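A quick write-up on the structure given underneath.
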Amino acid sequence: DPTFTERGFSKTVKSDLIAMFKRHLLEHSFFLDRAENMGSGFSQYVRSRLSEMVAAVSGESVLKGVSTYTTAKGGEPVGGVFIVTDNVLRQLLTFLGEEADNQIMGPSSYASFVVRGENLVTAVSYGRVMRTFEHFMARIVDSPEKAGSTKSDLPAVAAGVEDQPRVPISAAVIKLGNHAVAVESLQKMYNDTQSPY
Amino acid sequence: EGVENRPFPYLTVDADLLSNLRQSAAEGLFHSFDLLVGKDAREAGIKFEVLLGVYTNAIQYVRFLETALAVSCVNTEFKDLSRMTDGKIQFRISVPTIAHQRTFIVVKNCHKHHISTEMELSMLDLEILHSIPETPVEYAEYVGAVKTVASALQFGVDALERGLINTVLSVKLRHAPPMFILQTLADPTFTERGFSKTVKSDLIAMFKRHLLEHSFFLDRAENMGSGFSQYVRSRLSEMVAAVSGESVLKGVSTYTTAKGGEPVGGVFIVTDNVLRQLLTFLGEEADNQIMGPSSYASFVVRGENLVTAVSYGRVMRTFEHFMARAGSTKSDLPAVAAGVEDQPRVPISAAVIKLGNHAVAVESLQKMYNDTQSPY
Amino acid sequence: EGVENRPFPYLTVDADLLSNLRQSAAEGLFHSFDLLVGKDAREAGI
Amino acid sequence: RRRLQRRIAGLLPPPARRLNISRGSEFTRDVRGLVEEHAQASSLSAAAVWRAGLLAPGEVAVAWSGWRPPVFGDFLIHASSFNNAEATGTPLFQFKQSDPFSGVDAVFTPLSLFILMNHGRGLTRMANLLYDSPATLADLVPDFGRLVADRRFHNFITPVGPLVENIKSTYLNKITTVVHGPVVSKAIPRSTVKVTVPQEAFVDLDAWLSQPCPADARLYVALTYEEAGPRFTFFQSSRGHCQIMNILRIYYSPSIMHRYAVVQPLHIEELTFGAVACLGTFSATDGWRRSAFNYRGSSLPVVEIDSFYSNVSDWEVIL
Amino acid sequence: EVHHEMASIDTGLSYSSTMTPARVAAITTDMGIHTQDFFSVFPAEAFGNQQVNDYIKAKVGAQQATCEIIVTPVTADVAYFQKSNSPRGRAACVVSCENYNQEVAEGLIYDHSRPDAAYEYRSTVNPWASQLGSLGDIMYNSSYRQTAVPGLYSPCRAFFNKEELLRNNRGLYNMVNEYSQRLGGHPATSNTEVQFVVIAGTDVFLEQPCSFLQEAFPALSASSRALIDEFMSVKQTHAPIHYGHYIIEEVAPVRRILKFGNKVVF
Amino acid sequence: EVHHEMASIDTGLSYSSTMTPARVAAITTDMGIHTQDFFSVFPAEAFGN
Amino acid sequence: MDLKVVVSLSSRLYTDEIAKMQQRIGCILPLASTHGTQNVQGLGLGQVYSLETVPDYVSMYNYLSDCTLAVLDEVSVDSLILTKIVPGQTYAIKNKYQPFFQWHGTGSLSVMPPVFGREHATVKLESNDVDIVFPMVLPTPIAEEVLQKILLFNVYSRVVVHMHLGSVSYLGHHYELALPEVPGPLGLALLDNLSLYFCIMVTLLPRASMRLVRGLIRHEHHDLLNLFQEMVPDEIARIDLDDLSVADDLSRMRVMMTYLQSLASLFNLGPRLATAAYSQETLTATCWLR
Amino acid sequence: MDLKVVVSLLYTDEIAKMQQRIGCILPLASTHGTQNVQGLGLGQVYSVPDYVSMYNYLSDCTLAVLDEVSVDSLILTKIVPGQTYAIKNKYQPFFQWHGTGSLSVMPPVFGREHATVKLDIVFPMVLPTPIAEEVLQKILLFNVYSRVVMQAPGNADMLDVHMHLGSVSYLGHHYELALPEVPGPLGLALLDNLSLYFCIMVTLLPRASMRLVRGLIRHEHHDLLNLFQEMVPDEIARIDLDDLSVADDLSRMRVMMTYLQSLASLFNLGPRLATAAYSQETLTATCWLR
């Protein structure tokens, strides 16, 4: 929340922030028990709290311009993923009514980043490999005065991830206002191996 | 002791540099050497540190008309504001009567606002900028220097176009009385008399009554159960209707709803959380675009104004209209629309809601202020 | 500090990286950072 | 009178103080002609010399602007008396030698100036790590004990400003120092130079008190006379010289009665409690960023004043 | 340096912008008890003997929201302190005075030959903070607060100064738009340990209706723990006035939930 | 003030350059008898009377 | 180099305040910062010199050496512009100060806290509810006379001769100046440092010059000697009983001239202006900061 | 920028005696293009000699190193504090210079015939700062010690004042001075009134010191040092008179204050030049005004 962290963190701000940690700990924690004894409005409460969790996450990933993992039926970017336990999974399905989608598209194979001849020479002699030697050559010794825009370097931030084939991936998808997040519980991967989820 | 051994491709000369080596290697002929015997005398394992790409933010320039704060203000590029010592506006308000005659000549004056940041550039990337590069390393240096200087200058005009929004947002606060006063002051049931003593005491009673019952309405709307949408609408509608929009530039078409002939008629400036809560309490908005101007107006000084300017100053706003002088509203409609027309009507990405018969826009500038690390 | 101040082909992305950044970095969220204000905010010499 | 118009056209136009930009993205040639300052070093060809405009009289002009070119003090010192592992921007102190003709001068870094005070009686670990023997320094001043004893050590040491060039000769070192003007390094990649004063010898005076913020915050060096031998302290202040002697008397208020209580000034010459001298001005905003100075063995804290304008002054006595 | 000028001018006659409060981020002030000593505010004054002065100064502990003290007799009615009124015991309404004058203003504010503005039947609540030379103004009115340490923000001063009240005796529209365009009514701080007075403009962001209206909203005071713990239990039928004790409901503009064990009240 | 930088670096392992003396030209010092005096080398040292 | 500081008033300005400020164009004003634009608080000497009865001149000096200096050239409604005085540039400073001190040809100017009253050099700005006062700019000898008259009234306050001290006398006119009663701890600290200097003077002062002047009063009468009224002081009698020695006199003078330079710099409070080519017909002087 | 000053007016001996001094300096009357002959250095002030007005004229007017001398014109360059210059030590009292030592300019005290060129032109003395304060002390005390033995010959001996004032010593350079052995009484010499200033301030310093220390001690405790440095003087000068006419004591304090300030500004050596790289091979010195 930018309201407190905008003045500059004096001694009279962390005194507010610790008390607000305590007030969020006594009240809003364990939000699947207050939603049991809520009565009627459990759906609005859970749908509020999940959106409050989602919007409080810094979604400024540098690769967020890369369009990957869209939803299959709609075509909207799935920004975010919930990982839950298996008992609360069907609870979150029924409290949110029904899934807005049944599958999401995504990359079928991992991005291929192997070292090229120029990278190998820099790896042999100095022992230092760069990410994209062709882009460093294109932005230093091919067109240095040609500055970079976000459209001109969106191929460079996407190291082959935007050219990989799209297969559907089975996962439950919900809708939180504008966004869409994939709710998934991989507890079944653990219990057949008897490793602690 | 100052020497690496990576698996280099070694050039194989035929010099007789084997001779008298280990005798001289023990005495200290070399400043730094590492003898490798046994298994260690091998082309070593290739190892490397990886640099997984550098990144930076593309600092988006935020034009003043690219936000919906410009719906509040009609703009004119006046190229000589340094030579404008004053600006005034006369209002002749003809007041009619009721048979069971007054004209309130009021003056409003402009008020300038000087804003300026301070970019700083070193003397290194100017002396290397003016000079000419010859070697390709100096060209790779000169490109970095000109990118530094151009980025600093673009940062300077970006800080100016953000300080413009800051001064607009501040001067829109300086003439903004709070809600609990104008809820009663705009109701004409209490300005009917002429503001005697007892009606003023009644109004300052109603101020205290509206202070502890109507303020912080978004905090009231959580405990109303399901009636949050109707409550938020019935509060924002009287907030809109309590604002007298009788402005002389209201009649012209500056900003439309980007789907038809519904003019906007007001803008809401809230924070991030208030916007994220109002875009669910009101639910889905009307549209995601607003037709508006793409540039400013224009007001230059022609010679019929320039002779007055160089004579004694005191220019006129439209000297051709004064050289023309009956007139009605449809006659003087281009006299007030002094350049605010003929703009190519670009859409503007800003949220717009509908409160009854008013299509009010709503927008949050924290996205603009939090990139400056300043307090909203 | 392990930060290299060398010039670079800085890839420009559009994400709002500086969302409450100065109050984060002054408190030291990052393991190793460098603030360059004024004349040191340039590209370094090669 | 028509050639007069051509001469005045060559003489009139100053560099533009204001320029109406429209966008920063276009980067017009007019704003480039504003922001460009002519260089000081170029390659040895006719094109590079004519392009940098070095041959223009007085100030540089291709074929006055508030900039002053610096002056350089050229000093010859013994290679033993100086440490070649010194930083570039460190303020030095020429001692006036008592011979009529010398040829070789004698300069002192404040690290080297410390070990003249130490012997006879952290910072001192690094000081004794740099210079091994004080006796190869304590003979540069021939009579140090008498000169300290009659309190005439301030008028025999004059400041010289920070160092810029130090060639690594083997017997007789030549160093270059800026005695006046904008301190800027004479290197072919022109890199900046930061005036470095060791931290324990540099006590701030603005924060020692703890609203009108000026621009030029001066840096005062201060020799005082103590019973534990003299001391060379450094003071940063944003005030006037009239303010600086009053507040430095207030700062040294315990030390004067300390030196009085342990030793009665039995003669007339022991009254002077040293002197101060303004070493020049720098910006009060980004002044005195703390850094470190690493030798091969240890590392001491050292302040780093950046973009110093060196301007020495005569000695103003403290009492 | 990149200079830029811009000149704005209003086009409508009346007001064209409203700023409401909508939410509460956090009550930053930690609304508790923290009195400020008059030894820190009036350091130059002391008693006759030195050591009795030192005994007092060491015994009260003379060497966070700042409280104050208005001294009142014990016959002040609790029905007065239930309603939100002015803490100096007089209804300090400025518009039942006339506009742009002094005589009827001082008559309504300090003269007691006329009764209270609110109650027709009594002069004041206490005669120790509503007179021209009482105890409240000898603490807080700036005419007798000379040679005091500036920068302490006695919060009760906003009820007692004359130039604020003579400012409020102007025209009503003049009053509200000069409240809106000139926030410098000698206010508190924003993010400090103790509340000083700010002197800089367009850096801090605060607005006060207390300098506009001159009332205060009563907090949850109680003369025992028992009235608190029975007001937490029942809400529509709690006891306002017990045998000798009393509790005071909050009619504050903010509404706090009072988490006591598990017995909230809202 | 002209400037010019050169960077010499050896490419041979052992010693690559020798320097004999070929012939005398002159003996500048007279190989004679003028001893130094400790009154000039140690001037502070003195006797009682 | 561009030196132009526009100070935007936060409110309007009436025509009488405009006409009063417009008479004070060219007078030196101090500023809070050195930046591009500034607000009106911090301008002038009014933030340290409040609208009170008690002044303190040395605190205004400590302000003036701390802050920068500017000249007032353009004043408009809602905004007035100033031109900074940075060392290194050369300025034209007009003599627009009401107590008219005639300026010397290539002398030295000296800024000063307002010694001739608050109401004399001020502008009342009710519109922005602050006060801008103007620091006095007078030549350096008359400035030294004013400073020593202030210190002499500060030391003679426990003695009493008032109007012989409380009024400066110049060839243009003699002027009265405002005399406070106590400078607080700062003027007393200045007197403390000057007391240190004076007491160490009467320690290390030579005795042969007293032996000169004792016989010289008995030998010659001069305007340098009329103030003794042909009466040698008794301290000259009870010090000149000793003999004369040139070696201790040269030892004494090597500390006398050492201390008198610092005593001269104990009167350089307030920044000093070095002028040149003052024309008495246009009342302006090409001057720069020293 | 343009800096030359072409003064228009010689013959072969004048050509020679001016070509000897092509690197020395002299003051002017104006900072303009063309000047007359009279506006040159120290002609109107040294022809009865007096050090205080000559110092006022040397610090008041500008300075100019001359470059060339024609048959009829003297192309010379004024020195401004902006840029740097080059000067030479071609003066008849020859003092060897040194590197980074501050250079001063004093009016010529070693005889008019030493530093002049008779066509008139009088060049001021250029010599470094510690030698300047040393020879100033040694001519001041020489005037005092000669005047006391012209008053009473039994006070000091003429040979005793001559072994320590007939020579100066800086950095091993043991120079000598030209002292007027017959000054003539009642003033009328060079440094005839500065000693007359020095004796008056030395005389009036105890009367100032007692009044100042007693005036500050009732100001109870600002610091320790108003009463700490009461122990360092002798007790004889402490309890001297303590009863005098307040108007007469006021005039004595004011006279000693102005004679202290003028002498303190004068003992500050004047327009101080700051050299950087002196070379005794070429006899040149890179200097600038400071």
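Residue numbers (the UniProt record's numbering), protein chains in the order written: chain C, 199 to 395; chain Z, 5 to 104, 113 to 337, 345 to 395; chain X, 5 to 50; chain F, 9 to 71, 82 to 139, 150 to 238, 256 to 364; chain D, 1087 to 1149, 1179 to 1381; chain G, 1087 to 1135; chain U, 1 to 160, 172 to 301; chain P, 1 to 9, 13 to 50, 54 to 125, 131 to 301.
All C-beta atoms in this analysis are idealised placements derived from N, C-alpha and C, irrespective of residue type, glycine included.
C-alpha distance - residue i paired with residue j, whole-angstrom precision
{"i": "P/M212", "j": "U/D251", "result": "16 Å"}
{"i": "U/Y270", "j": "P/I150", "result": "18 Å"}
{"i": "U/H184", "j": "Z/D84", "result": "47 Å"}
{"i": "P/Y49", "j": "U/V123", "result": "50 Å"}
{"i": "Z/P200", "j": "Z/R329", "result": "35 Å"}
{"i": "Z/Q64", "j": "Z/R326", "result": "40 Å"}
{"i": "D/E1213", "j": "D/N1292", "result": "19 Å"}
{"i": "P/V6", "j": "D/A1315", "result": "57 Å"}
{"i": "C/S246", "j": "Z/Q289", "result": "10 Å"}
{"i": "U/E74", "j": "U/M112", "result": "23 Å"}
{"i": "F/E67", "j": "Z/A164", "result": "27 Å"}
{"i": "residue 108 of chain Z", "j": "U/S76", "result": "Not modelled: residue 108 of chain Z, which lies between 104 and 113, the two residues flanking a gap in chain Z."}
Buried/exposed call for residue i, threshold 16 Cβ in 10 Å
{"i": "X/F37", "result": "exposed"}
{"i": "P/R222", "result": "buried"}
{"i": "U/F278", "result": "buried"}
{"i": "U/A275", "result": "buried"}
C-beta contact flag for residue i and residue j at 8 Å
{"i": "P/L69", "j": "P/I28", "result": "yes"}
{"i": "U/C298", "j": "U/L3", "result": "no"}
{"i": "D/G1251", "j": "D/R1297", "result": "no"}
{"i": "Z/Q195", "j": "Z/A254", "result": "yes"}
{"i": "F/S328", "j": "F/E349", "result": "no"}
{"i": "D/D1096", "j": "D/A1180", "result": "no"}
For the region 136-161 of chain Z, which residues have a beta carbon sitting closer than 8 Å to at least one beta carbon of chain X? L136, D137, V149, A152, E153, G156, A157, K159 and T160
Inspect the CB distances between the region 270-285 of chain F and the region 220-232 of chain F and report whether three or more fall short of 8 Å. yes
Below 8 Å between beta carbons is the criterion; list the residues of the region 28-39 of chain U that meet it against any residue of chain Z, in chain order. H35, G36 and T37
Members of the region 1299-1332 of chain D that neighbour chain C once the beta carbon cut-off is set at 9 Å: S1305, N1306, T1307 and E1308
Closer than 9 Å, Cβ to any Cβ of chain Z: which residues of the region 15-39 of chain X, in chain order? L15, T16, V17, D18, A19, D20, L21, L22, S23, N24, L25, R26 and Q27
Counting pairs of Cβ atoms below 8 Å between the region 173-184 of chain Z and the region 380-387 of chain Z, do you hit three or more? yes
Give the residues from the region 1089-1105 of chain G that approach chain Z closer than 8 Å (Cβ to any Cβ), ordered along the chain. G1098, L1099 and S1100
Quick check: the region 1115-1132 of chain D against the region 272-291 of chain Z, are at least 3 beta-carbon pairs closer than 8 Å? no
Three or more C-beta pairs below 8 Å linking the region 229-238 of chain P and the region 237-246 of chain U: no
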